[PDB]
Amino acid sequence: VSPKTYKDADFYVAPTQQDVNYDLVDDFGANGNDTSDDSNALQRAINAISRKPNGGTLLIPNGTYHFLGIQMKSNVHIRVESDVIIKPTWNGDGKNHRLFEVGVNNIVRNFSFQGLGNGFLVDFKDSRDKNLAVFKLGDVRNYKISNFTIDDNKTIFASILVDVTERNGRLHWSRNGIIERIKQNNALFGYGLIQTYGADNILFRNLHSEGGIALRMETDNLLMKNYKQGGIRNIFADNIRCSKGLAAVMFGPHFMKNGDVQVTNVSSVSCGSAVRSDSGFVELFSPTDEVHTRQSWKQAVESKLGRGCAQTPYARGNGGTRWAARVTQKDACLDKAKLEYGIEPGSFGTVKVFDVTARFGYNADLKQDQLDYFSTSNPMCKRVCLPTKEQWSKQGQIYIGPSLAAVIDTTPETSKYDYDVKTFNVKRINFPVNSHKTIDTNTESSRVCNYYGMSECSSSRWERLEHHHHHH
Ligand SMILES: [Ca+2]
Ligand code: NI
């Protein structure tokens, strides 16, 4: 079997007309030389540009800029010179920030943002703000974002949120685009370069995440739960790479029913696996006017579903009055929950991954529920470490240690909502004897690691100091 082919114009069509072309410093008064905020300048430039029926280009010239919460607009095409450094402007209000928002609070049509030459840098290393994404996308169509390195500091926040937004009683999200030639350094395990929530006809290409997951197809979030709208469809990716992370490519549908995805050329070095699949699952949320306790919400649920059909309900945020519970993964329970609440576990349609190469290493991101898969090849749990509380205060959520497999697949969960990640020409390099090529639901495991008394990771290892950057 052969992969499906395509051309860049299938996703993104560049402008044929242009009314204006400006320079961020010369025309708008950005200062590339001090540490002042350049947000106003950038936005004034963007605004002036979208004013014109055919828009135009704005050049961001060499220098160091500070931007935050900028609002993109239709028919603006930003070009960024290769010695630019972009930094998040400081904001101490403790909320979730992004450098750039595309179709989040408006509607955006023909838009691009491109590094020239060898690419530029977004730098988070000196930021005091932990809550940062580079781009958040909503209602945007026909776009290209392209060319740069993100120097992260394990912030909370996939860097690029291919996300939904809410306008006039429905959800909206991005249709045709390309996101390509981006490297991320020093990402947090539970995050990475791309996270997708709602997406039609998007090409993801030449993307690399150091840590976490490069292409996270984990389709979750409030608005989609509530509106029963969103998810991803007809996604193409090529050249997805992981280093010192969980996975290059990950499928995790949650509650959303997703479309088709095709991936070619997946590589990883020193990651959990090159490809990862999770089963879908259902959470039932208690009503927002009823006052509930954990035990009362479990009871409402076991009442309609059965003894044993609810998992341990957790708290909705702070408050303590609103509750959510996972339906147990048993066809029976899942069946009644379908009949009774009209909702089921999520899945993906046709999924094909071509050319997967996983190179063994010693510094993968590892989840605690994966450690027992070392039983066959690493029966003394060598080279696995626990991060200190200063490094990560919820000890046991993340470990650093040897690669486990080419492909991890937890999808066999359930009967009716199972989905099929087809993989082709899968290779491993330098895995030890008795190790796993695929890990699934049936794979034999057995505790060999000290979960909470094993030795702790050096600062050097946690902070990836051995990696001297050369994007310079
Ligand atoms: Ca400045
Ligand atoms: Ni760097």
# chains A, B, ... in the order shown; residues from 1 in each chain; ligands from 1
$ residues_near_ligand --ligand "ligand 1" --cutoff "12 Å" --atoms "only C-alpha atoms and all ligand atoms" --output "compact mmCIF listing (two decimals) with N, CA and C atoms, in the first residue's frame"
# COMPACT_ATOMS: atom_id res chain seq x y z
N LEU A 24 8.35 47.18 10.30
CA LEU A 24 7.99 47.40 11.71
C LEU A 24 8.66 48.58 12.42
N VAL A 25 9.96 48.77 12.24
CA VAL A 25 10.67 49.88 12.88
C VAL A 25 10.46 51.19 12.11
N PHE A 28 6.55 52.16 11.89
CA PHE A 28 5.64 52.00 13.03
C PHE A 28 6.27 52.22 14.41
N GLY A 29 7.59 52.28 14.48
CA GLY A 29 8.19 52.78 15.69
C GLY A 29 8.50 51.70 16.71
N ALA A 30 8.51 50.44 16.27
CA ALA A 30 9.04 49.39 17.13
C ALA A 30 10.51 49.67 17.42
N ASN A 31 10.96 49.31 18.62
CA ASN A 31 12.34 49.52 19.00
C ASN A 31 13.05 48.19 19.22
N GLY A 32 13.96 47.84 18.32
CA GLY A 32 14.56 46.50 18.39
C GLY A 32 15.73 46.43 19.33
N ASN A 33 15.92 47.51 20.08
CA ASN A 33 17.20 47.77 20.75
C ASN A 33 17.11 47.89 22.25
N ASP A 34 15.92 48.19 22.76
CA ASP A 34 15.75 48.28 24.20
C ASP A 34 14.93 47.09 24.63
N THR A 35 14.24 47.24 25.76
CA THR A 35 13.42 46.19 26.32
C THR A 35 11.99 46.67 26.48
N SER A 36 11.60 47.62 25.67
CA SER A 36 10.25 48.16 25.75
C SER A 36 9.27 47.23 25.06
N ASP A 37 7.98 47.44 25.29
CA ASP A 37 6.95 46.62 24.65
C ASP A 37 6.71 47.12 23.23
N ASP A 38 6.61 46.19 22.27
CA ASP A 38 6.43 46.59 20.87
C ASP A 38 5.06 46.18 20.36
N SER A 39 4.18 45.81 21.29
CA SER A 39 2.87 45.29 20.94
C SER A 39 2.05 46.30 20.16
N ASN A 40 1.93 47.50 20.70
CA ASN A 40 1.19 48.57 20.05
C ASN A 40 1.65 48.78 18.59
N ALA A 41 2.93 49.13 18.39
CA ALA A 41 3.57 49.10 17.05
C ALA A 41 3.10 47.93 16.17
N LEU A 42 3.30 46.69 16.63
CA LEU A 42 2.92 45.53 15.82
C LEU A 42 1.45 45.58 15.43
N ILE A 60 9.50 42.28 9.74
CA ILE A 60 10.05 42.46 11.08
C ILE A 60 11.55 42.28 10.97
N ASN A 62 15.71 42.52 11.87
CA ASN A 62 16.64 42.16 12.92
C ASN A 62 16.59 43.05 14.14
N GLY A 63 16.57 42.40 15.30
CA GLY A 63 16.46 43.09 16.58
C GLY A 63 15.71 42.18 17.53
N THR A 64 15.49 42.66 18.76
CA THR A 64 14.83 41.87 19.78
C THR A 64 13.54 42.55 20.18
N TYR A 65 12.43 41.83 20.04
CA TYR A 65 11.12 42.48 20.25
C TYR A 65 10.40 41.82 21.38
N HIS A 66 9.48 42.58 21.96
CA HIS A 66 8.58 42.06 22.97
C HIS A 66 7.16 42.19 22.47
N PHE A 67 6.46 41.07 22.37
CA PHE A 67 5.06 41.06 21.95
C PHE A 67 4.24 40.21 22.89
N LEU A 68 2.95 40.56 23.04
CA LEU A 68 1.99 39.76 23.81
C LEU A 68 0.54 40.10 23.48
N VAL A 84 16.17 38.03 14.11
CA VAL A 84 15.17 38.48 15.05
C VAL A 84 15.04 37.55 16.26
N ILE A 85 14.86 38.15 17.43
CA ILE A 85 14.47 37.43 18.63
C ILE A 85 13.14 38.03 19.10
N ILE A 86 12.13 37.16 19.22
CA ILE A 86 10.84 37.54 19.76
C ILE A 86 10.68 36.97 21.18
N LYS A 87 10.22 37.82 22.10
CA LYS A 87 10.07 37.44 23.52
C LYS A 87 8.71 37.84 24.01
N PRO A 88 8.11 37.04 24.89
CA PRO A 88 6.82 37.48 25.42
C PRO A 88 6.98 38.70 26.30
N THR A 89 6.29 39.80 26.00
CA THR A 89 6.23 40.95 26.92
C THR A 89 5.72 40.52 28.32
N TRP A 90 6.36 40.99 29.39
CA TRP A 90 5.92 40.58 30.72
C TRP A 90 4.55 41.13 31.16
$ residues_near_ligand --ligand "ligand 2" --cutoff "8 Å" --atoms "only C-alpha atoms and all ligand atoms" --output "count of residues only"
11
$ select_by_dssp --residues "stretch 291-407 of chain A" --states "strand (DSSP E)" --output "list in words"
residues 314, 315, 323, 324, 325, 326, 351, 352, 353, 354, 355, 356, 357, 358, 359, 364, 365, 366, 399, 400, 401 and 407 of chain A
$ residues_around --residues "residue A:349" --least-positions-apart "4" --cutoff "7 Å" --atoms "only C-alpha atoms" --output "VMD selection string"
chain A and resid 258 to 260
$ write_last_selection --atoms "N, CA and C atoms" --output "compact mmCIF listing (two decimals), in the first residue's frame"
# COMPACT_ATOMS: atom_id res chain seq x y z
N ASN A 258 -13.32 11.88 15.64
CA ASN A 258 -12.47 12.49 14.60
C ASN A 258 -12.48 11.81 13.16
N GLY A 259 -11.99 12.55 12.16
CA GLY A 259 -11.93 12.08 10.77
C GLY A 259 -10.72 11.23 10.40
N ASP A 260 -10.17 11.48 9.22
CA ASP A 260 -9.02 10.72 8.73
C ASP A 260 -7.71 11.46 8.99
$ closest_residue --among "A:170, A:3, A:138, A:335" --to "residue A:261" --atoms "only C-alpha atoms"
A:3
$ closest_atom_pairs --of "stretch 238-263 of chain A" --to "stretch 419-439 of chain A" --cutoff "10 Å" --atoms "only C-alpha atoms" --output "CSV"
residue,atom,partner,partner_atom,distance
A:251,CA,A:421,CA,8.7
A:253,CA,A:419,CA,9.8
A:261,CA,A:421,CA,9.4
A:262,CA,A:422,CA,9.7
A:263,CA,A:423,CA,9.3
$ write_last_selection --atoms "N, CA and C atoms" --output "PDB file, in the first residue's frame"
ATOM      1  N   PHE A 251      -2.080  10.112  18.986  1.00  0.00           N
ATOM      2  CA  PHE A 251      -3.541  10.143  18.843  1.00  0.00           C
ATOM      3  C   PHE A 251      -4.219   9.937  20.170  1.00  0.00           C
ATOM      4  N   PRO A 253      -8.190  10.621  21.226  1.00  0.00           N
ATOM      5  CA  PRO A 253      -9.435  11.283  20.805  1.00  0.00           C
ATOM      6  C   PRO A 253     -10.334  11.782  21.941  1.00  0.00           C
ATOM      7  N   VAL A 261      -6.657  10.705   9.274  1.00  0.00           N
ATOM      8  CA  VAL A 261      -5.330  11.295   9.391  1.00  0.00           C
ATOM      9  C   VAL A 261      -4.295  10.435   8.641  1.00  0.00           C
ATOM     10  N   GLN A 262      -3.372  11.091   7.932  1.00  0.00           N
ATOM     11  CA  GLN A 262      -2.248  10.383   7.280  1.00  0.00           C
ATOM     12  C   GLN A 262      -0.928  11.029   7.626  1.00  0.00           C
ATOM     13  N   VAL A 263      -0.017  10.222   8.143  1.00  0.00           N
ATOM     14  CA  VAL A 263       1.302  10.675   8.564  1.00  0.00           C
ATOM     15  C   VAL A 263       2.371   9.888   7.780  1.00  0.00           C
TER      16      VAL A 263
END
$ residues_around --residues "stretch 298-306 of chain A" --least-positions-apart "2" --cutoff "12 Å" --atoms "only C-alpha atoms" --output "ChimeraX atom specification"
/A:283-287,290,292-296,308-314,322-328,330-341
$ residues_around --residues "stretch 366-379 of chain A" --least-positions-apart "4" --cutoff "9 Å" --atoms "only C-alpha atoms" --output "JSON, numbers by chain"
{"A": [189, 245, 246, 271, 272, 384, 396, 397, 398, 399, 400, 401, 402, 403, 404, 432, 433, 434, 435, 436, 439, 443, 444, 445, 446, 447, 448, 449, 451]}
$ write_last_selection --atoms "N, CA, C and O atoms" --output "short mmCIF file (atom, residue, chain, number, x, y, z; two decimals), in the first residue's frame"
data_model
loop_
_atom_site.label_atom_id
_atom_site.label_comp_id
_atom_site.auth_asym_id
_atom_site.auth_seq_id
_atom_site.Cartn_x
_atom_site.Cartn_y
_atom_site.Cartn_z
N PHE A 189 6.79 17.82 29.45
CA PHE A 189 6.26 16.50 29.11
C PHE A 189 4.78 16.48 28.67
O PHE A 189 4.46 15.89 27.65
N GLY A 245 11.52 12.90 24.41
CA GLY A 245 10.12 13.21 24.63
C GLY A 245 9.26 11.96 24.78
O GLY A 245 9.78 10.83 24.96
N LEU A 246 7.94 12.14 24.74
CA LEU A 246 7.02 11.00 24.89
C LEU A 246 6.83 10.30 23.52
O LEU A 246 7.04 9.09 23.35
N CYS A 271 12.92 8.71 22.80
CA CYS A 271 11.53 8.94 23.26
C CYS A 271 10.83 7.65 23.69
O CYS A 271 11.24 6.54 23.37
N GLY A 272 9.76 7.82 24.45
CA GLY A 272 8.90 6.70 24.83
C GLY A 272 8.63 5.80 23.65
O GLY A 272 8.93 4.60 23.67
N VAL A 384 16.62 4.81 34.72
CA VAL A 384 15.37 5.54 34.90
C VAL A 384 15.47 6.37 36.16
O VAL A 384 15.85 5.84 37.18
N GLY A 396 6.02 11.43 40.38
CA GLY A 396 5.36 10.20 39.91
C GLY A 396 4.55 10.37 38.62
O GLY A 396 4.18 9.39 37.99
N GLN A 397 4.31 11.61 38.25
CA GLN A 397 3.68 11.99 37.02
C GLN A 397 4.60 11.89 35.78
O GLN A 397 4.11 11.72 34.65
N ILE A 398 5.91 12.03 35.99
CA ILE A 398 6.91 12.01 34.92
C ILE A 398 8.23 11.39 35.39
O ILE A 398 8.65 11.65 36.52
N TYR A 399 8.83 10.54 34.55
CA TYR A 399 10.12 9.91 34.80
C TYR A 399 10.97 10.14 33.59
O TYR A 399 10.44 10.47 32.52
N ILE A 400 12.30 10.00 33.73
CA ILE A 400 13.22 10.07 32.58
C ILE A 400 13.99 8.81 32.49
O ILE A 400 14.60 8.42 33.48
N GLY A 401 13.98 8.17 31.32
CA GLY A 401 14.59 6.85 31.21
C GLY A 401 14.61 6.31 29.80
O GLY A 401 14.26 7.03 28.86
N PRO A 402 15.01 5.05 29.66
CA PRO A 402 15.17 4.43 28.33
C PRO A 402 13.90 4.35 27.46
O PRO A 402 12.78 4.20 27.97
N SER A 403 14.07 4.50 26.16
CA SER A 403 13.02 4.26 25.19
C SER A 403 12.38 2.89 25.45
O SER A 403 13.08 1.94 25.85
N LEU A 404 11.06 2.79 25.23
CA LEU A 404 10.27 1.55 25.42
C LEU A 404 9.90 0.85 24.10
O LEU A 404 9.93 -0.39 24.02
N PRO A 432 17.70 -2.82 22.96
CA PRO A 432 18.30 -4.03 23.49
C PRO A 432 17.45 -5.28 23.21
O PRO A 432 16.27 -5.18 22.90
N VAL A 433 18.07 -6.45 23.34
CA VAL A 433 17.37 -7.73 23.23
C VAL A 433 16.18 -7.79 24.17
O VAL A 433 16.24 -7.27 25.29
N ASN A 434 15.11 -8.45 23.73
CA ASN A 434 13.92 -8.70 24.54
C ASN A 434 13.06 -7.48 24.79
O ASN A 434 12.16 -7.51 25.63
N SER A 435 13.33 -6.42 24.04
CA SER A 435 12.58 -5.19 24.16
C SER A 435 11.35 -5.28 23.26
O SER A 435 11.18 -6.23 22.53
N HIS A 436 10.51 -4.26 23.32
CA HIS A 436 9.25 -4.26 22.64
C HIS A 436 9.36 -3.46 21.35
O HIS A 436 9.87 -2.35 21.33
N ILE A 439 3.93 -2.02 21.93
CA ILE A 439 3.31 -2.23 23.22
C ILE A 439 1.82 -1.97 23.06
O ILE A 439 1.39 -0.89 22.62
N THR A 443 0.41 -6.77 26.05
CA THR A 443 1.81 -6.94 26.29
C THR A 443 2.04 -7.23 27.78
O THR A 443 1.47 -6.58 28.67
N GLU A 444 2.87 -8.24 28.02
CA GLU A 444 3.28 -8.65 29.36
C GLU A 444 4.08 -7.54 30.07
O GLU A 444 5.03 -6.96 29.50
N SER A 445 3.72 -7.26 31.32
CA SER A 445 4.46 -6.29 32.14
C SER A 445 4.56 -6.76 33.55
O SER A 445 3.83 -7.65 33.98
N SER A 446 5.45 -6.15 34.31
CA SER A 446 5.64 -6.60 35.67
C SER A 446 6.52 -5.55 36.35
O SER A 446 7.55 -5.13 35.80
N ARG A 447 6.11 -5.11 37.54
CA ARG A 447 6.85 -4.04 38.23
C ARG A 447 8.31 -4.40 38.43
O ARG A 447 8.62 -5.44 39.01
N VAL A 448 9.20 -3.54 37.94
CA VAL A 448 10.62 -3.71 38.18
C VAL A 448 11.25 -2.41 38.71
O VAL A 448 12.44 -2.38 39.06
N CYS A 449 10.48 -1.33 38.76
CA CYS A 449 11.01 -0.03 39.15
C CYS A 449 10.52 0.41 40.50
O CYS A 449 9.36 0.17 40.84
N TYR A 451 8.97 3.15 42.08
CA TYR A 451 8.20 4.36 41.77
C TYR A 451 8.54 5.60 42.57
O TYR A 451 8.62 6.71 42.00
#
$ residues_around --residues "residue A:191" --least-positions-apart "3" --cutoff "10 Å" --atoms "only C-alpha atoms" --output "VMD selection string"
chain A and resid 154 to 159 187 to 188 194 to 195 209 211 to 216 245 to 246
$ write_last_selection --atoms "N, CA and C atoms" --output "mmCIF file, in the first residue's frame"
data_model
loop_
_atom_site.group_PDB
_atom_site.id
_atom_site.type_symbol
_atom_site.label_atom_id
_atom_site.label_comp_id
_atom_site.auth_asym_id
_atom_site.auth_seq_id
_atom_site.Cartn_x
_atom_site.Cartn_y
_atom_site.Cartn_z
ATOM 1 N N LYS A 154 9.979 24.775 29.436
ATOM 2 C CA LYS A 154 8.982 23.865 30.015
ATOM 3 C C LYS A 154 7.765 24.645 30.522
ATOM 4 N N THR A 155 7.266 25.551 29.690
ATOM 5 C CA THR A 155 6.031 26.228 29.994
ATOM 6 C C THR A 155 4.842 25.324 29.815
ATOM 7 N N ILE A 156 3.694 25.838 30.279
ATOM 8 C CA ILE A 156 2.485 25.052 30.377
ATOM 9 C C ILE A 156 2.031 25.551 29.022
ATOM 10 N N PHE A 157 1.240 24.864 28.213
ATOM 11 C CA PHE A 157 0.980 25.491 26.883
ATOM 12 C C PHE A 157 1.660 24.819 25.656
ATOM 13 N N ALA A 158 0.995 23.888 24.935
ATOM 14 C CA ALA A 158 1.552 23.563 23.612
ATOM 15 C C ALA A 158 1.752 24.912 22.938
ATOM 16 N N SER A 159 2.763 25.008 22.069
ATOM 17 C CA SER A 159 3.172 26.305 21.548
ATOM 18 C C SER A 159 2.164 26.835 20.554
ATOM 19 N N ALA A 187 10.717 21.465 25.915
ATOM 20 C CA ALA A 187 9.278 21.432 26.198
ATOM 21 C C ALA A 187 8.943 20.542 27.390
ATOM 22 N N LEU A 188 7.901 20.955 28.119
ATOM 23 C CA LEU A 188 7.314 20.165 29.191
ATOM 24 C C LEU A 188 6.650 18.890 28.676
ATOM 25 N N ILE A 194 2.786 21.153 18.729
ATOM 26 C CA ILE A 194 1.403 21.307 18.260
ATOM 27 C C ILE A 194 0.440 20.555 19.149
ATOM 28 N N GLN A 195 -0.633 21.216 19.553
ATOM 29 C CA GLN A 195 -1.805 20.454 20.008
ATOM 30 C C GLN A 195 -2.983 20.785 19.134
ATOM 31 N N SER A 209 9.874 18.281 18.186
ATOM 32 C CA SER A 209 9.856 18.674 19.590
ATOM 33 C C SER A 209 10.864 17.965 20.518
ATOM 34 N N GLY A 211 11.316 16.969 23.865
ATOM 35 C CA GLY A 211 10.436 16.825 25.020
ATOM 36 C C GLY A 211 8.965 16.876 24.644
ATOM 37 N N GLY A 212 8.140 16.255 25.481
ATOM 38 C CA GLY A 212 6.707 16.279 25.202
ATOM 39 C C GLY A 212 6.390 15.552 23.899
ATOM 40 N N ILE A 213 5.460 16.090 23.139
ATOM 41 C CA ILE A 213 4.992 15.472 21.917
ATOM 42 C C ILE A 213 4.943 16.516 20.824
ATOM 43 N N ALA A 214 5.586 16.227 19.697
ATOM 44 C CA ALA A 214 5.601 17.151 18.540
ATOM 45 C C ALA A 214 4.223 17.380 17.943
ATOM 46 N N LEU A 215 3.530 16.321 17.572
ATOM 47 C CA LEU A 215 2.169 16.516 17.033
ATOM 48 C C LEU A 215 1.171 15.817 17.936
ATOM 49 N N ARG A 216 0.561 16.585 18.826
ATOM 50 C CA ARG A 216 -0.336 16.002 19.806
ATOM 51 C C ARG A 216 -1.771 16.076 19.282
ATOM 52 N N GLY A 245 11.519 12.898 24.413
ATOM 53 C CA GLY A 245 10.118 13.207 24.629
ATOM 54 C C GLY A 245 9.257 11.957 24.784
ATOM 55 N N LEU A 246 7.940 12.142 24.736
ATOM 56 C CA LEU A 246 7.021 10.999 24.894
ATOM 57 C C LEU A 246 6.835 10.302 23.518
#
